[PDB]
Every structure is written in C-alpha cells, then in structure tokens.
Amino acid sequence: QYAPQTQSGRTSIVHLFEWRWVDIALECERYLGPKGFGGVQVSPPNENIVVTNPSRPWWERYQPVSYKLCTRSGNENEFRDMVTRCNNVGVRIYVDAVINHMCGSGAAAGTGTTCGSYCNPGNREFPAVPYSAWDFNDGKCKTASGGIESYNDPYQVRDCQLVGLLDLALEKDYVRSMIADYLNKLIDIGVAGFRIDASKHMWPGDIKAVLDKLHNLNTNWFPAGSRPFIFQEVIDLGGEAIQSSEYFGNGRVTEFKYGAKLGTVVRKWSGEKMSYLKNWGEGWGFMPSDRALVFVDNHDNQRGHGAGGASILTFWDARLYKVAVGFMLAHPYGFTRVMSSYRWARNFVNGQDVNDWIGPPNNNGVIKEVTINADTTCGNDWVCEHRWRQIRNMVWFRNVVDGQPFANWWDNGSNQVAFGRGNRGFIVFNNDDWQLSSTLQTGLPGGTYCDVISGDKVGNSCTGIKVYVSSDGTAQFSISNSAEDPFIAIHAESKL
Ligand SMILES: OC[C@H]1O[C@H](OC[C@H]2O[C@H](O[C@H]3[C@H](O)[C@@H](O)[C@@H](O[C@H]4[C@H](O)[C@@H](O)[C@H](O)O[C@@H]4CO)O[C@@H]3CO)[C@H](O)[C@@H](O)[C@@H]2O[C@H]2O[C@H](CO)[C@@H](O[C@H]3O[C@H](CO)[C@@H](O)[C@H](O)[C@H]3O)[C@H](O)[C@H]2O)[C@H](O)[C@@H](O)[C@@H]1O
Ligand SMILES: OC[C@H]1O[C@H](O[C@H]2[C@H](O)[C@@H](O)[C@@H](O[C@H]3[C@H](O)[C@@H](O)[C@@H](O[C@H]4[C@H](O)[C@@H](O)[C@@H](O)O[C@@H]4CO)O[C@@H]3CO)O[C@@H]2CO)[C@H](O)[C@@H](O)[C@@H]1O
Ligand SMILES: OC[C@H]1O[C@@H](O)[C@H](O)[C@@H](O)[C@@H]1O
Ligand SMILES: [Ca+2]
Ligand SMILES: [Cl-]
C-alpha cells in the first residue's frame with residue numbers, strides 16, 4: 001500500500017492532468033521513460049456527466065455516472081494501449097479513483113454523459129452500474145439540508161453530500177464490491193495504484209474493506225504478490241476534526257501542509273524565511289515521511305482557492321515555483337509528485353478567479369492534442385512543467401541521490417540556504433535580496449560538475465554553469481539575486 005511500485009531507481013510521478021490516453025502513451029515512450037520519471041497520475045478514466053453550464057469544466061470528471069472507461073481522454077482500447085506502452089518502458093500508471101460519490105443530485109435525467117449511459121440522479125438511478133436509491137447515504141445523513149453543514153462533525157463530513165454530489169453507502173458490501181470490481185479490472189489491465197479521491201469524506205474502515213478485495217498487480221510487469229500503491233486525498237491542515245493519521249493503515253496520504261507551508265516560506269510571507277527549513281519534514285509537524293505523498297501544487301489548489309489558498313505556488317509564478325519544486329525534489333521527505341498543467345484565461349473579481357472552471361484546451365469540447373515544439377516545449381496551451389529543464393533535471397537529481405541522508409546544511413540566517421544528500425548531490429539557493437558568494441562544504445568528491453539548473457551535461461562539457469569542487473569538498477557558489485534561476489544543483493552524474 002505504501003510502496004509506489006515504480007521501477008527501481010525512479011522516485012517521482014507526474015500528474016498529466018486532463019491529457020488524452022494516446023498522448024500519454026506517446027509521452028511515456030518519447031520522454032518519461034528515457035528521462036527517468038517513475039509514473040503518471042491520470043485523470044478519472046470512468047464515465048462522467050456532461051456539464052454544459054459552464055461549458056465542459058475540468059470538474060465534471062469528478063461526477064461519475066458509471067465505471068465504463070469512456071471519457072474525453074479516450075476509450076477503453078486507448079486506455080489499455082496506454083497502460084501497456086507506458087509499462088513497457090518502465091513508467092507506471094496511477095488512476096484517480098472517484099469512489100465517494102456519483103454525480104450531482106440536481107443533474108437532470110438523461111443521456112448527457114460521456115459514453116451515453118442513462119442516469120436519473122433525482123431518483124438515484126444509475127442503471128449502467130447498477131446503483132439504486134438504497135445504495136446512497138440519504139437516510140444516514142442527519143442534516144436538514146442533506147449536505148455538510150459543519151466540518152467539526154465527522155459524521156456529516158462522511159455521510160452527507162459533498163457539494164450536492166450523491167454520496168455512496170460505502171458500508172454496504174454491494175457497494176464495496178461494485179467499486180472493487182472496477183478497480184480490479186484496472187489492476188488486471190496493468191495499473192500500479194490509485195489516488196483515492198475525497199478520502200476525508202469516507203470512513204477509513206470503509207476504504208479498507210474495499211482495498212482488501214483488490215488483486216495483486218499484473219505479473220507481466222510486477223513481481224508476484226505485489227500490492228497496489230494507495231495514496232489518499234485527505235486535506236488536513238491541522239486543527240480539524242478529521243486527521244490524516246486516521247488513514248495511515250490504508251496507504252499513503254496527501255500531505256497538504258507541505259505545499260501550503262513551503263509556498264508561504266518561498267514567498268517570504270508571515271515572517272517566514274528559508275533558513276527555517278533546516279528541520280523541514282516531521283520537524284514542521286508533518287506526517288511521517290513513509291506515509292506522505294508531497295507536492296507543491298495540485299490540480300485544485302493551483303486555481304488559488306483550495307488547501308493553502310493564495311500561498312500556493314504554480315506555473316504562473318514560474319521563477320519561485322521552480323525554486324520550490326527544486327527544494328522539494330532535493331529534500332528526502334516524502335514521495336514526490338510533480339504537476340503538469342494547462343493554461344487558462346484567469347479573471348480575478350475580488351481576489352477570486354471566476355474562470356477557475358475552464359477545462360483543458362479544446363476544439364468545441366474535443367481535447368486538443370499535445371504538440372511538441374523543436375525546443376522540447378509543448379504547444380496548444382499545455383504548460384508541460386515536467387519538460388522544463390529545471391524540473392526535469394531535479395527529477396533526475398532525486399533518482400541519483402535516492403537513499404542518501406540529508407547533510408551539510410548551511411544558511412546565512414535569512415534566505416540563503418544549502419544542503420546535500422550524502423556524497424552524491426548538493427544544492428544551493430539564494431532567495432535573498434542580495435548576492436550570494438560563499439565557499440561551502442558540498443560533501444562531494446573533488447572534480448568539475450555541471451549545474452543542472454542552468455544547463456546540462458553534454459558529452460565531456462556543460463552547457464551552463466560549471467562548479468569546480470576542491471579535493472576537500474569545498475566549492476564557491478556565486479548567485480546574484482537577479483539570476484533567472486537563483487539556485488544551483490550538482491550531482492554525481494553531472495560530474496565531468
Ligand atoms: O447538483 C447538480 C449540480 O451538478 C453540478 O455540480 C455541482 C457542484 O460541483 C462543482 O464542484 C466541483 C469542485 O469545484 C471541485 O473542486 C471538485 O470537488 C472536489 C474537491 O475539490 C476535493 O477537495 C475533493 O475531496 O473531491 C471533490 C469532488 O471529487 O469537483 C466538484 C464536483 O464536480 C461546482 O464547483 C460546485 O460549486 C457545484 O456546487 C454548486 O451547486 C451545488 C448544488 O446545489 C451546491 O451545493 C449546495 O446546495 C445544495 C442545495 O440542496 C445542498 O444540498 C448542498 O449541500 C450545498 O452545499 C454548491 O455549493 C454550489 O456551489 C453543477 O455545478 C450544478 O449546476 C448542478 O445543479
Ligand atoms: O454569463 C455568465 C454565465 O454564463 C455561462 O453559462 C451559460 C451556459 O454555458 C449556457 O449553455 C446556458 O445554460 C443552459 C444549459 O446549457 C442548459 O442545459 C439548461 O440548464 C439545465 C441543466 O442542464 C440541467 O442539468 C438542469 O439543472 O436544469 C437546467 C435548466 O434550467 O439551461 C441553461 C440556461 O438556463 O446559460 C449559462 C448562463 O448562465 C458561464 O459558463 C457561467 O460560468 C456564468 O455564470
Ligand atoms: O467501517 C467503518 C465504519 O465507521 C463507522 O463510524 C461508520 O458509522 C460506518 O458507516 C463505517 O462503516
Ligand atoms: Ca461520503
Ligand atoms: Cl491530490
């Protein structure tokens with residue numbers, strides 16, 4: 001449950017949010033495999049309700065109508081093909097499992113669904129599953145409205161309707177079994193694990209009863225007896241009635257404190273300074289590292305009013321975002337997820353983006369292909385953060401240093417900091433309003449190393465900055481506060 005089941009030596013996964021299956025299959029072969037990425041989190045592959053107002057928002061995919069593999073991302077054959085092709089080049093697939101709920105109780109009866117299944121939400125009728133009224137928590141929820149009226153009552157949070165979505169009666173074996181049958185189909189196709197959407201809104205024990213029914217992973221690609229990787233989306237920033245620790249027995253848990261706190265520090269809000277990161281990890285009150293899934297932003301909070309609010313860093317804040325992602329990927333805490341986004345027209349009305357609904361790049365509702373430019377960037381308004389040099393190379397850094405302890409911390413008492421990972425990597429940041437020019441102990445063997453932030457190692461040369469490390473392990477680092485990327489990273493495989 002806790003082990004990611006990635007190929008040995010691969011330590012991150014990337015969220016290819018709203019990507020089509022054919023494009024992911026390609027990306028696996030041409031890019032993710034060769035560049036050392038461990039896996040891909042995909043958008044929900046099951047049939048969802050079509051929302052015409054607003055027009056085809058990203059969030060319609062969090063409103064299931066059946067477990068047919070038929071969505072704007074593709075059909076079943078395309079899904080299967082993607083899973084086979086990615087696994088064959090060493091890149092795992094993790095599915096976003098939406099299992100707390102079906103679609104909104106107020107949606108109209110009809111075949112306005114991505115595969116044309118019929119449903120009647122007002123009658124709690126989903127014949128393509130099938131579910132009926134006795135399969136939902138209407139009778140269990142104790143609130144007048146039927147929704148969640150207070151988050152300090154765990155019963156409401158779990159048994160009542162989250163934003164009007166029909167809440168499945170997860171204590172029933174029939175419902176557990178229908179969900180296990182869906183997940184097991186996906187496991188047998190070859191998926192390696194699951195993000196469990198909205199885990200806070202389920203009882204830990206009901207999730208457990210579902211997980212206990214799940215097949216071992218497909219032995220074409222995995223060792224016998226392998227269990228699916230589970231990570232559960234529980235938003236817990238502290239001082240709530242439900243805690244992330246209630247879910248430790250099922251798998252890993254999203255640690256939303258991580259991005260919220262890191263964003264605040266990198267931005268230097270609320271008195272925070274990079275030097276306070278000396279004890280980052282359990283030292284800041286985070287869950288145990290072996291239970292954590294971490295990330296700087298996710299698909300919801302990158303829109304600015306989710307867990308962490310305005311402090312969350314994103315591709316819109318490119319320069320500081322790269323700093324935060326860099327720090328994350330260098331630091332030993334947790335298992336790391338990298339985000340990959342699309343661009344949308346933000347429109348702020350009283351500190352609120354009213355276009356936060358907008359779905360992926362599309363032609364009249366049909367998702368656009370991901371095009372690759374000569375310079376290796378993406379077109380068609382896909383951001384492709386995972387292809388930015390600074391991020392891809394820090395993904396490799398994490399692979400190279402995997403297993404090495406945190407070591408050789410230095411700081412200037414403010415926002416210049418550095419640390420290493422055993423004797424295989426070192427990274428230095430300047431987030432202060434003045435120059436960094438200091439000779440630091442790196443822990444690395446003497447030699448000449450390419451900085452993998454400003455460039456790459458190509459044959460027996462570096463395309464960016466080079467760092468000469470003395471025989472005693474020291475080197476001089478000079479970073480202006482006006483540097484494009486105000487940090488430098490060197491590792492064992494960037495050595496000339
Ligand atoms: O009821 C039919 C209804 O269907 C549509 O959707 C309704 C609501 O869905 C959308 O919300 C999406 C979230 O923005 C998105 O973040 C995600 O949610 C995930 C969340 O971020 C994450 O943390 C987590 O753990 O999982 C969540 C889901 O997986 O996906 C969401 C669902 O698609 C809209 O953004 C949201 O605002 C819509 O809600 C609006 O209408 C509903 C229903 O009236 C309101 O609920 C309230 O009124 C009800 C009246 O009885 C009451 O029962 C309920 O308890 C009240 O809370 C809601 O507050 C309001 O904003 C269409 O949007 C809608 O037009 C259709 O009628
Ligand atoms: O200008 C501000 C607002 O405009 C945008 O939303 C639009 C939609 O995109 C339009 O198509 C239209 O909505 C239609 C809708 O397409 C149609 O289905 C119907 O709605 C049904 C609904 O589907 C059904 O599930 C049930 O609940 O009953 C509804 C019937 O009332 O009728 C709609 C029009 O009444 O209009 C809206 C404009 O409000 C924009 O995306 C919004 O974000 C924005 O607020
Ligand atoms: O299985 C765990 C159980 O926790 C209980 O507190 C809930 O009331 C029940 O619905 C759930 O099944
Ligand atoms: Ca629930
Ligand atoms: Cl998440």
# chains A, B, ... in the order shown; residues from 1 in each chain; ligands from 1
$ residues_near_ligand --ligand "ligand 3" --cutoff "7 Å" --atoms "only C-alpha atoms and all ligand atoms" --output "list in words"
residues 170, 171, 203, 204, 205 and 206 of chain A
$ write_last_selection --atoms "C-alpha atoms" --output "short mmCIF file (atom, residue, chain, number, x, y, z; two decimals), in the first residue's frame"
data_model
loop_
_atom_site.label_atom_id
_atom_site.label_comp_id
_atom_site.auth_asym_id
_atom_site.auth_seq_id
_atom_site.Cartn_x
_atom_site.Cartn_y
_atom_site.Cartn_z
CA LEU A 170 -19.83 2.64 1.37
CA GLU A 171 -20.60 0.47 4.42
CA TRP A 203 -14.69 6.31 6.76
CA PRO A 204 -11.15 4.85 6.96
CA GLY A 205 -12.69 1.42 7.60
CA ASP A 206 -14.87 1.51 4.52
#
$ closest_atom_pairs --of "chain A" --to "ligand 5" --cutoff "7 Å" --atoms "only C-alpha atoms and all ligand atoms" --output "JSON lines"
{"residue": "A:233", "atom": "CA", "partner": "ligand 5", "partner_atom_place_in_ligand_line": "1 (Cl)", "distance": 5.2}
{"residue": "A:254", "atom": "CA", "partner": "ligand 5", "partner_atom_place_in_ligand_line": "1 (Cl)", "distance": 6.2}
{"residue": "A:298", "atom": "CA", "partner": "ligand 5", "partner_atom_place_in_ligand_line": "1 (Cl)", "distance": 5.9}
$ residues_near_ligand --ligand "ligand 2" --cutoff "6 Å" --atoms "only C-alpha atoms and all ligand atoms" --output "list in words"
residues 52, 53, 54, 55, 106, 107 and 108 of chain A
$ residues_around --residues "stretch 382-396 of chain A" --least-positions-apart "3" --cutoff "8 Å" --atoms "only C-alpha atoms" --output "ChimeraX atom specification"
/A:11-12,14,35-37,315,322,325-326,329-330,338-343,361,370,376-379,399-400,452-455
$ write_last_selection --atoms "N, CA, C and O atoms" --output "short mmCIF file (atom, residue, chain, number, x, y, z; two decimals), in the first residue's frame"
data_model
loop_
_atom_site.label_atom_id
_atom_site.label_comp_id
_atom_site.auth_asym_id
_atom_site.auth_seq_id
_atom_site.Cartn_x
_atom_site.Cartn_y
_atom_site.Cartn_z
N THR A 11 11.77 7.84 -8.72
CA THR A 11 11.34 8.36 -7.43
C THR A 11 10.25 9.42 -7.48
O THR A 11 9.92 9.97 -6.44
N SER A 12 9.72 9.75 -8.66
CA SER A 12 8.61 10.72 -8.76
C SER A 12 7.54 10.24 -9.73
O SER A 12 7.76 9.40 -10.61
N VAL A 14 4.21 12.07 -12.15
CA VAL A 14 3.76 13.35 -12.68
C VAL A 14 2.27 13.23 -12.95
O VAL A 14 1.80 12.18 -13.38
N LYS A 35 13.67 9.87 -19.55
CA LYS A 35 14.08 10.87 -18.59
C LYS A 35 13.90 10.43 -17.13
O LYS A 35 14.06 11.24 -16.22
N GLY A 36 13.59 9.17 -16.90
CA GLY A 36 13.67 8.67 -15.53
C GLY A 36 12.48 8.92 -14.62
O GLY A 36 12.60 8.76 -13.43
N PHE A 37 11.33 9.26 -15.19
CA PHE A 37 10.13 9.50 -14.39
C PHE A 37 9.50 8.19 -14.01
O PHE A 37 9.43 7.29 -14.82
N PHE A 315 2.80 27.35 -11.86
CA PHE A 315 3.48 27.76 -13.09
C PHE A 315 3.30 29.24 -13.39
O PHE A 315 4.13 29.80 -14.08
N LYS A 322 9.83 27.17 -9.54
CA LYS A 322 10.98 26.33 -9.80
C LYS A 322 11.84 26.18 -8.56
O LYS A 322 12.35 25.12 -8.31
N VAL A 325 9.81 23.69 -6.24
CA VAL A 325 9.86 22.36 -6.79
C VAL A 325 11.27 21.80 -6.61
O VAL A 325 11.45 20.65 -6.22
N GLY A 326 12.27 22.63 -6.86
CA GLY A 326 13.67 22.23 -6.70
C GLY A 326 13.97 21.77 -5.29
O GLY A 326 14.57 20.70 -5.08
N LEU A 329 12.23 18.36 -4.58
CA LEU A 329 12.80 17.22 -5.25
C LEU A 329 14.18 16.90 -4.70
O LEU A 329 14.63 15.77 -4.80
N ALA A 330 14.84 17.89 -4.12
CA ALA A 330 16.13 17.66 -3.46
C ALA A 330 15.99 17.08 -2.07
O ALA A 330 16.87 16.36 -1.61
N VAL A 338 4.93 15.63 -9.18
CA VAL A 338 5.18 16.82 -9.97
C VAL A 338 3.90 17.09 -10.77
O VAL A 338 3.26 16.18 -11.29
N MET A 339 3.54 18.35 -10.88
CA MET A 339 2.32 18.74 -11.56
C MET A 339 2.62 19.07 -13.03
O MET A 339 3.70 19.51 -13.33
N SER A 340 1.66 18.84 -13.92
CA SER A 340 1.76 19.24 -15.34
C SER A 340 0.41 19.80 -15.72
O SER A 340 -0.63 19.10 -15.60
N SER A 341 0.43 21.05 -16.19
CA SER A 341 -0.80 21.84 -16.29
C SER A 341 -1.19 22.26 -17.69
O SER A 341 -0.46 22.03 -18.65
N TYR A 342 -2.38 22.85 -17.78
CA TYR A 342 -2.74 23.67 -18.91
C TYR A 342 -3.00 25.14 -18.53
O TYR A 342 -3.34 25.46 -17.38
N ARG A 343 -2.89 25.99 -19.53
CA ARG A 343 -3.03 27.44 -19.39
C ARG A 343 -4.51 27.78 -19.58
O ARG A 343 -5.16 27.16 -20.41
N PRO A 361 -7.51 22.54 -22.95
CA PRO A 361 -7.52 23.08 -24.30
C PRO A 361 -8.34 22.19 -25.19
O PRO A 361 -8.15 20.96 -25.18
N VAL A 370 -1.47 17.14 -27.57
CA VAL A 370 -0.27 17.79 -27.06
C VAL A 370 0.74 17.81 -28.19
O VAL A 370 1.17 16.76 -28.66
N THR A 376 11.58 21.46 -27.40
CA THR A 376 11.04 20.49 -26.45
C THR A 376 9.92 21.00 -25.52
O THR A 376 9.50 20.24 -24.64
N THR A 377 9.46 22.24 -25.69
CA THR A 377 8.25 22.73 -25.02
C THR A 377 6.99 22.19 -25.72
O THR A 377 7.06 21.61 -26.81
N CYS A 378 5.83 22.36 -25.08
CA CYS A 378 4.58 21.88 -25.64
C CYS A 378 3.85 23.05 -26.22
O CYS A 378 4.05 24.18 -25.80
N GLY A 379 3.02 22.78 -27.22
CA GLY A 379 2.13 23.78 -27.74
C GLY A 379 0.68 23.54 -27.34
O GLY A 379 0.41 22.79 -26.40
N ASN A 399 16.47 10.84 -8.26
CA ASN A 399 16.88 9.47 -8.57
C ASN A 399 18.34 9.23 -8.15
O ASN A 399 18.64 8.28 -7.44
N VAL A 400 19.24 10.11 -8.54
CA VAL A 400 20.67 9.93 -8.32
C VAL A 400 21.02 9.87 -6.83
O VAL A 400 21.88 9.11 -6.40
N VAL A 452 22.90 21.63 -13.13
CA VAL A 452 21.81 21.07 -13.92
C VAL A 452 20.56 21.97 -13.90
O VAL A 452 19.50 21.63 -14.45
N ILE A 453 20.70 23.15 -13.33
CA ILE A 453 19.62 24.11 -13.34
C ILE A 453 19.78 25.04 -14.52
O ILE A 453 18.82 25.24 -15.26
N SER A 454 21.00 25.58 -14.71
CA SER A 454 21.29 26.49 -15.83
C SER A 454 21.61 25.73 -17.10
O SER A 454 21.66 26.31 -18.16
N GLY A 455 21.88 24.44 -17.01
CA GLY A 455 22.13 23.72 -18.25
C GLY A 455 22.21 22.24 -18.02
O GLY A 455 21.67 21.73 -17.05
#
$ closest_atom_pairs --of "chain A" --to "ligand 1" --cutoff "6 Å" --atoms "only C-alpha atoms and all ligand atoms" --output "JSON lines"
{"residue": "A:59", "atom": "CA", "partner": "ligand 1", "partner_atom_place_in_ligand_line": "33 (O)", "distance": 4.4}
{"residue": "A:60", "atom": "CA", "partner": "ligand 1", "partner_atom_place_in_ligand_line": "33 (O)", "distance": 4.9}
{"residue": "A:62", "atom": "CA", "partner": "ligand 1", "partner_atom_place_in_ligand_line": "29 (O)", "distance": 4.5}
{"residue": "A:63", "atom": "CA", "partner": "ligand 1", "partner_atom_place_in_ligand_line": "33 (O)", "distance": 5.4}
{"residue": "A:104", "atom": "CA", "partner": "ligand 1", "partner_atom_place_in_ligand_line": "1 (O)", "distance": 3.5}
{"residue": "A:105", "atom": "CA", "partner": "ligand 1", "partner_atom_place_in_ligand_line": "1 (O)", "distance": 4.4}
{"residue": "A:106", "atom": "CA", "partner": "ligand 1", "partner_atom_place_in_ligand_line": "1 (O)", "distance": 3.5}
{"residue": "A:107", "atom": "CA", "partner": "ligand 1", "partner_atom_place_in_ligand_line": "2 (C)", "distance": 4.2}
{"residue": "A:145", "atom": "CA", "partner": "ligand 1", "partner_atom_place_in_ligand_line": "53 (O)", "distance": 5.6}
{"residue": "A:146", "atom": "CA", "partner": "ligand 1", "partner_atom_place_in_ligand_line": "53 (O)", "distance": 5.4}
{"residue": "A:147", "atom": "CA", "partner": "ligand 1", "partner_atom_place_in_ligand_line": "55 (O)", "distance": 3.2}
{"residue": "A:148", "atom": "CA", "partner": "ligand 1", "partner_atom_place_in_ligand_line": "55 (O)", "distance": 5.6}
{"residue": "A:161", "atom": "CA", "partner": "ligand 1", "partner_atom_place_in_ligand_line": "55 (O)", "distance": 5.6}
{"residue": "A:163", "atom": "CA", "partner": "ligand 1", "partner_atom_place_in_ligand_line": "46 (O)", "distance": 4.1}
{"residue": "A:164", "atom": "CA", "partner": "ligand 1", "partner_atom_place_in_ligand_line": "54 (C)", "distance": 4.4}
{"residue": "A:197", "atom": "CA", "partner": "ligand 1", "partner_atom_place_in_ligand_line": "25 (O)", "distance": 5.8}
{"residue": "A:198", "atom": "CA", "partner": "ligand 1", "partner_atom_place_in_ligand_line": "25 (O)", "distance": 3.3}
{"residue": "A:300", "atom": "CA", "partner": "ligand 1", "partner_atom_place_in_ligand_line": "21 (O)", "distance": 5.8}
$ residues_around --residues "stretch 271-277 of chain A" --least-positions-apart "6" --cutoff "7 Å" --atoms "only C-alpha atoms" --output "ChimeraX atom specification"
/A:264-265,411,413-417
$ write_last_selection --atoms "N, CA and C atoms" --output "tab-separated table (two decimals), in the first residue's frame"
chain	number	residue	atom	x	y	z
A	264	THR	N	4.40	29.62	1.49
A	264	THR	CA	4.49	30.78	2.35
A	264	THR	C	5.96	31.19	2.60
A	265	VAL	N	6.82	30.20	2.77
A	265	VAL	CA	8.24	30.43	3.02
A	265	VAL	C	8.90	31.00	1.79
A	411	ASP	N	23.15	27.92	6.23
A	411	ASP	CA	22.29	29.06	5.90
A	411	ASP	C	22.96	30.34	6.34
A	413	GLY	N	21.27	32.70	7.87
A	413	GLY	CA	20.41	33.30	8.86
A	413	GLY	C	19.20	34.01	8.26
A	414	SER	N	19.05	33.94	6.96
A	414	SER	CA	17.95	34.63	6.31
A	414	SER	C	17.29	33.76	5.21
A	415	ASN	N	17.58	34.01	3.93
A	415	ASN	CA	17.02	33.22	2.84
A	415	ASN	C	18.06	32.67	1.85
A	416	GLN	N	19.27	32.47	2.34
A	416	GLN	CA	20.25	31.72	1.57
A	416	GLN	C	20.51	30.45	2.29
A	417	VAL	N	20.35	29.35	1.58
A	417	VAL	CA	20.49	28.05	2.22
A	417	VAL	C	21.06	27.05	1.25
